[PDB]
Amino acid sequence: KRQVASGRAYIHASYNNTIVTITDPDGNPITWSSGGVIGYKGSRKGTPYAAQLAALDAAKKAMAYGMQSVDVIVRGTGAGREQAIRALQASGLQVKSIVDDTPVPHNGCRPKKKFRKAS
Amino acid sequence: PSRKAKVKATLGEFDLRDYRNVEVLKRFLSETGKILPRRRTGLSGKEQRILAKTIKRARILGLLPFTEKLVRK
Amino acid sequence: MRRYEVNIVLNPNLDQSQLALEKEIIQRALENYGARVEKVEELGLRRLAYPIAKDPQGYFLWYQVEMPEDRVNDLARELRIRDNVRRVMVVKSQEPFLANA
Amino acid sequence: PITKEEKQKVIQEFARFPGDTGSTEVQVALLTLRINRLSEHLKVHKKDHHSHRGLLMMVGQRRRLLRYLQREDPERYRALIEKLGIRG
RNA sequence: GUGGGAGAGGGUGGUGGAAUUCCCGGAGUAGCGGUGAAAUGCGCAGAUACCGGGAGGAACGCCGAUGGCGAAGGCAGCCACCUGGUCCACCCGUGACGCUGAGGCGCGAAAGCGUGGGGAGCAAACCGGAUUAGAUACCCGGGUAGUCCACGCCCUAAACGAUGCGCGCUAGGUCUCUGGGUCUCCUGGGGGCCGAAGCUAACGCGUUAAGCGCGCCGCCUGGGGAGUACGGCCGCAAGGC
Ligand SMILES: [K+]
Ligand SMILES: [K+]
Ligand SMILES: [K+]
Ligand SMILES: [K+]
Ligand SMILES: [K+]
Ligand SMILES: [K+]
Ligand SMILES: [K+]
Ligand SMILES: [K+]
Ligand SMILES: [K+]
Ligand SMILES: [K+]
Ligand SMILES: [K+]
Ligand SMILES: [Mg+2]
Ligand SMILES: [Mg+2]
Ligand SMILES: [Mg+2]
Ligand SMILES: [Mg+2]
Ligand SMILES: [Mg+2]
Ligand SMILES: [Mg+2]
Ligand SMILES: [Mg+2]
Ligand SMILES: [Mg+2]
Ligand SMILES: [Mg+2]
Ligand SMILES: [Mg+2]
Ligand SMILES: [Mg+2]
Ligand SMILES: [Mg+2]
Ligand SMILES: [Mg+2]
Ligand SMILES: [Mg+2]
Ligand SMILES: [Mg+2]
Ligand SMILES: [Mg+2]
Ligand SMILES: [Mg+2]
Ligand SMILES: [Mg+2]
Ligand SMILES: [Mg+2]
Ligand SMILES: [Mg+2]
Ligand SMILES: [Mg+2]
Ligand SMILES: [Mg+2]
Ligand SMILES: [Mg+2]
Ligand SMILES: [Mg+2]
Ligand SMILES: [Mg+2]
Ligand SMILES: [Mg+2]
Ligand SMILES: [Mg+2]
Ligand SMILES: [Mg+2]
Ligand SMILES: [Mg+2]
Ligand SMILES: [Mg+2]
Ligand SMILES: [Mg+2]
Ligand SMILES: [Mg+2]
Ligand SMILES: [Mg+2]
Ligand SMILES: [Mg+2]
Ligand SMILES: [Mg+2]
Ligand SMILES: [Mg+2]
Ligand SMILES: [Mg+2]
Ligand SMILES: [Mg+2]
Ligand SMILES: [Mg+2]
Ligand SMILES: [Mg+2]
Ligand SMILES: [Mg+2]
């Protein structure tokens, strides 16, 4: 508890999981969730469904700090990224805005052999 | 097909080599701080090649962004 | 002799007193490098497209000069020694390539 | 680099007669200038192999020209050389 | 020669932002990660996700192409310096000074070698987790040489257009890069496509010839044995010719 009322909601989508982090206006985490926090284990953490659940778990836990509106900040490309956006919108929390800030290098480190034929 | 309106049309006279004219160079970048294609700039091989270089000079001068986060989504 | 353009970006938080000590060094340096100032443009401070040196702004300068080529780089070195000097970009002057004329 | 003035000073200093721009002498003089100014570049910057291929070409040209002279006017030949300082 | 032009051509120095990793601080809690599914692994000595600060190495997103430069190998952030090639115009100067080129000399991707430095990410070998009938592999987690820099070696390749260099001659159409002009179009250099004649076993090539011709160099002569053996030369070695 501290009472924030307005903050940030970071979505980190991956082809392996989705994990939501909610922070204060300065980017300090208040609460967080993920397909793992919810009961999911292996490959299902990446499911769009799980993302929904993780997103809702996050919102609710954020209501406890008495938060109402947030700025969604999406990072990554992964099955279940948009469900998280929707999950948040439909959860009391007011979504003042969505913004994609997935990091991309201006070609820096050689990728793993799995993600090559790129740089 | 991108039939919006070539950035060259929606504008007039300007020194493609002026790396300080922020108000005009700014026009050749996308939602992101990315240099627009000839498709959108409407410029030409030679023109674009000179634009690309001047824009990059502006970036190192802090008058222009290298990248900017996308709003909406 | 060749014609260049000395772009210099300073700290945007200088009081008129300090701001003039840096220019003094910019001048008292250019001379030491055969820099004949054909003109200047103290554009002032502006909103940088991204933060430079933690600050969200910068005080800009611009000097069209003429000087001994073999000393342009050597000059740049010097100019950057200062602290309130966070950017230095010397460019060979060029005739304007007008567009859409 | 090489300014017009230098180029001119060297062209005039060698022309067979006023207006002589493309004679075997003027050419060998010019080359000798580029060759010398390049060999200076390559003492430093000795990894600059691409420019070195340019040196080879120039040294080649000069040789084929000098050869022409020595065969058309053995006099002008030794004159040109001695003046420049070719051979070694 | 004089005047113009385009370019990731080369060398040296400087420098910018994105990202990864690590370290420090904050905030926060039970997982993260990974796959077909998993597990090894990492995390309560507090990881993952988030914000702020710092260090360092390597590579340059968009522009970017069907594009450009180079003799090839190859060349891509931006700035300056040093330097090569090349195209056009003007017909100004020399007066056949030309082409080719055995040997020689130089250059020559990657891997690799020697000395010294560096080491973020990646990753032969290697250590583990899965998979399989087995799995000395494919997939996953780690990871040394190396990948980076300097200097010196090595000299190979599907080093390819699988097409030696030069010059003259033989319909056009169309796209494009760069220059000049009386600037719908014309004219020069380069990059593509379709095609006249012609050539080709066919495929296909076709003013960027694989056409018609001349000059000079290199090379081939059934397959395996074999790019081996021997010799010679070169290399520190690997090994090359
Ligand atoms: K123009
Ligand atoms: K190309
Ligand atoms: K070894
Ligand atoms: K290298
Ligand atoms: K070598
Ligand atoms: K034209
Ligand atoms: K046929
Ligand atoms: K075919
Ligand atoms: K032998
Ligand atoms: K030996
Ligand atoms: K060898
Ligand atoms: Mg998973
Ligand atoms: Mg010229
Ligand atoms: Mg280059
Ligand atoms: Mg960083
Ligand atoms: Mg910490
Ligand atoms: Mg803590
Ligand atoms: Mg454990
Ligand atoms: Mg505990
Ligand atoms: Mg610990
Ligand atoms: Mg981390
Ligand atoms: Mg950080
Ligand atoms: Mg380190
Ligand atoms: Mg070529
Ligand atoms: Mg190639
Ligand atoms: Mg040049
Ligand atoms: Mg004439
Ligand atoms: Mg005559
Ligand atoms: Mg090599
Ligand atoms: Mg190597
Ligand atoms: Mg080594
Ligand atoms: Mg070492
Ligand atoms: Mg070490
Ligand atoms: Mg690894
Ligand atoms: Mg087994
Ligand atoms: Mg592995
Ligand atoms: Mg090929
Ligand atoms: Mg004809
Ligand atoms: Mg054509
Ligand atoms: Mg053509
Ligand atoms: Mg053409
Ligand atoms: Mg091409
Ligand atoms: Mg026919
Ligand atoms: Mg047939
Ligand atoms: Mg054809
Ligand atoms: Mg022919
Ligand atoms: Mg043979
Ligand atoms: Mg046989
Ligand atoms: Mg036989
Ligand atoms: Mg045989
Ligand atoms: Mg062999
Ligand atoms: Mg040896």
Side-chain angles (χ1 to χ4, degrees), chain A residues 8 10-12 14-17 19-24 26-34 36-37 42-43 45 73 75 103-114 116 119, chain B residues 28-30 32-38 41 45-46 48-49 51-53 55-57 59-62 65-67, chain C residues 2 4 7 50 52 54 69-77 80 87-92, chain D residues 1 4 7 11 15-17 19-27 30 34 37-38 40-42 44-58 64-69 71-72:
Chain A
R8 262 126 71 162
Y10 292 68
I11 302 185
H12 172 82
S14 320
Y15 281 95
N16 274 330
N17 199 310
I19 77 189
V20 190
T21 290
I22 294 193
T23 67
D24 57 14
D26 290 6
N28 292 134
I30 275 174
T31 56
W32 65 274
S33 185
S34 79
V37 161
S43 53
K45 299 190 288 201
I73 299 174
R75 290 186 184 152
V104 49
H106 301 346
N107 286 230
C109 305
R110 164 178 282 228
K112 271 165 168 293
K113 129 90 154 294
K114 187 223 299 178
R116 277 196 70 246
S119 183
Chain B
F28 293 96
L29 293 174
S30 62
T32 308
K34 294 178 173 174
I35 297 175
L36 292 155
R38 288 258 300 294
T41 58
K46 187 176 184 174
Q48 186 94 50
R49 187 185 316 130
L51 172 72
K53 200 159 191 178
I55 282 180
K56 297 176 187 177
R57 296 176 140 190
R59 286 177 171 170
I60 310 180
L61 273 190
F66 289 75
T67 190
Chain C
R2 295 186 201 174
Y4 307 110
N7 282 291
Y50 61 90
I52 294 183
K54 316 297 176 57
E69 326 90 308
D70 65 299
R71 293 207 300 160
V72 182
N73 280 294
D74 223 314
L75 194 189
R77 164 194 304 195
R80 307 180 195 291
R87 274 287 189 286
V88 180
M89 186 174 87
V90 181
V91 161
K92 281 203 292 290
Chain D
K4 290 66 176 302
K7 209 168 190 286
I11 298 179
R16 298 282 298 309
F17 54 85
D20 177 19
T21 54
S23 82
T24 294
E25 276 86 353
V26 181
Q27 283 174 57
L30 264 27
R34 298 191 61 211
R37 193 149 295 184
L38 201 192
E40 203 61 6
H41 172 66
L42 303 185
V44 175
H45 299 158
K46 42 184 302 179
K47 304 308 298 175
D48 184 348
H49 312 312
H50 288 69
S51 294
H52 178 258
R53 190 233 190 185
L55 179 60
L56 257 36
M57 295 196 270
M58 301 182 335
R64 290 189 297 285
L65 286 180
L66 277 175
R67 180 186 273 149
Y68 178 68
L69 254 199
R71 184 233 303 170
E72 295 299 296

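Throughout, protein chains are lettered first and strands after them, A, B, ... in sequence-line order, and every chain is numbered starting at 1. Scope of the values below: all heavy atoms of this structure, side chains included, with no hydrogens, waters or symmetry mates.
- Side-chain nitrogen and oxygen atoms of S51(D) include none within less than 4.0 Å of the OP1 or OP2 phosphate oxygen of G10(E).
- Contact annotation: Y4(C) reaches the phosphate of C81(E) (side-chain N/O to OP1 or OP2, under 4.0 Å).
- For the pair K46(B) and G7(E), the criterion of a side-chain N or O lying under 4.0 Å from OP1 or OP2 is not met.
- Stacking between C183(E) and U184(E) is absent, since the six-membered rings do not have centres under 5.5 Å apart together with planes under 30°.
- A donor-acceptor contact under 3.5 Å is formed by the side chain of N73(C) with the base of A80(E).
- One can place CG of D26(A) at 13 Å from P of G28(E), the figure rounded to the nearest angstrom.
- At the phosphate of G7(E), OP1 or OP2 sits under 4.0 Å from a side-chain N or O atom of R49(B).
- Phosphate contact (OP1/OP2 of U12(E), side-chain N/O of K46(D), threshold under 4.0 Å): absent.
- Taken together, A209(E) and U163(E) do not qualify as a Watson-Crick or G-U wobble pair under the 3.5 Å criterion applied to both distances.
- Across all strands shown, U228(E) has no partner, as no Watson-Crick or G-U wobble contact with both distances under 3.5 Å is found.
- Look at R53(D) and you won't find any side-chain N or O under 4.0 angstrom from OP1 or OP2 of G106(E).
- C169(E) shows a glycosidic angle more than 90° from 0 and is accordingly assigned anti.
- Here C60(E) and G61(E) show unstacked bases; the six-membered rings are not both centred less than 5.5 angstrom apart and angled under 30°.
- Here OG1 of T23(A) is found 6.5 Å from CD1 of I73(A). Values are rounded to the nearest 0.5 Å.
- Regarding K54(C), its NZ atom lies at a distance of 6 Å from the P atom of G53(E), rounded to whole Å.
- At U35(E), one or more side-chain N or O atoms of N16(A) fall inside 4.0 Å of OP1 or OP2 (strictly under the cut-off).
- Put simply, the side chain of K113(A) and the base of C122(E) share no donor and acceptor less than 3.5 Å apart.
- Using the sign of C1'-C2'-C3'-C4' as the criterion, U221(E) falls on the south side of the pucker cycle.
- A Watson-Crick or G-U wobble pair joins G77(E) and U15(E), with the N1-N3 or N1-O2 distance and the second distance both under 3.5 Å.
- Under the 3.5 Å cutoff applied to both distances, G70(E) and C97(E) fail to qualify as a Watson-Crick or G-U wobble pair.
- Taking 3.5 Å as the upper bound for both contacts, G146(E) pairs with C122(E) in Watson-Crick or G-U wobble fashion.
- Nucleotides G211(E) and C169(E) qualify as a pair under the Watson-Crick or G-U wobble definition, both contacts being shorter than 3.5 Å.
- In this structure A171(E) is not paired with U40(E), as neither the Watson-Crick nor the G-U wobble definition is met at both distances under 3.5 Å.
- Contact annotation: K53(B) side-chain N/O to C79(E) OP1/OP2 distance is under 4.0 Å.
- For the pair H106(A) and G61(E), the ring geometry qualifies as stacking, because the centroid separation is below 5.5 Å while the planes lie within an angle under 30°.
- Neighbouring bases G41(E) and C42(E) form a stack, their six-membered ring centres lying under 5.5 angstrom apart with planes under 30 degrees.
- When Watson-Crick and G-U wobble pairs are counted only if both distances are under 3.5 Å, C50(E) pairs with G26(E).
- If you find the closest nucleotide of RNA chain E to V91(C) and to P111(A), the one lying nearer the 5' end belongs to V91(C).
- Taking 3.5 Å as the upper bound for both contacts, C241(E) does not pair with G215(E) in Watson-Crick or G-U wobble fashion.
- Under 3.5 Å, the side chain of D48(D) and the base of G10(E) form at least one donor-acceptor pair of N or O atoms.
- Between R87(C) and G17(E) there is a side-chain N or O to OP1 or OP2 distance below 4.0 Å.
- Judged by distance alone with a 3.5 Å cut-off, no donor-acceptor contact links the side chain of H45(D) to the base of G13(E).
- With centres closer than 5.5 angstrom and planes tilted by less than 30 degrees, the six-membered rings of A80(E) and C81(E) count as a stacked pair.
- Between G74(E) and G10(E), the distance separating the two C1' atoms is 11 Å to the nearest Å.
- Comparing the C1' positions of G70(E) and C87(E) gives a spacing of 15 Å, expressed to the nearest Å.
- Pairing check for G168(E) against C212(E): the two satisfy the Watson-Crick or G-U wobble geometry, each of the two atom distances being under 3.5 Å.
- Entry note: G112(E) and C153(E) meet the pairing test, Watson-Crick or G-U wobble at under 3.5 angstrom for both distances.
- Between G223(E) and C62(E) there is no base pair of the Watson-Crick or G-U wobble kind with both of its two distances under 3.5 Å.
- Taking 4.0 angstrom as the limit, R2(C) places a side-chain polar atom (N or O) nearer than this to OP1 or OP2 of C82(E).
- Residue-environment remark: CZ (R37(D)) exceeds the threshold of 12 foreign heavy atoms within 6.0 Å.
- Distances from the side chain of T24(D) to the nucleotides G10(E), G179(E), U94(E) place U94(E) closest.
- The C1' atoms of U21(E) and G142(E) are separated by 15 Å, rounded to the nearest whole Å.
- Side-chain N/O atoms of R34(D) include one lying less than 4.0 angstrom from OP1 or OP2 on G84(E).
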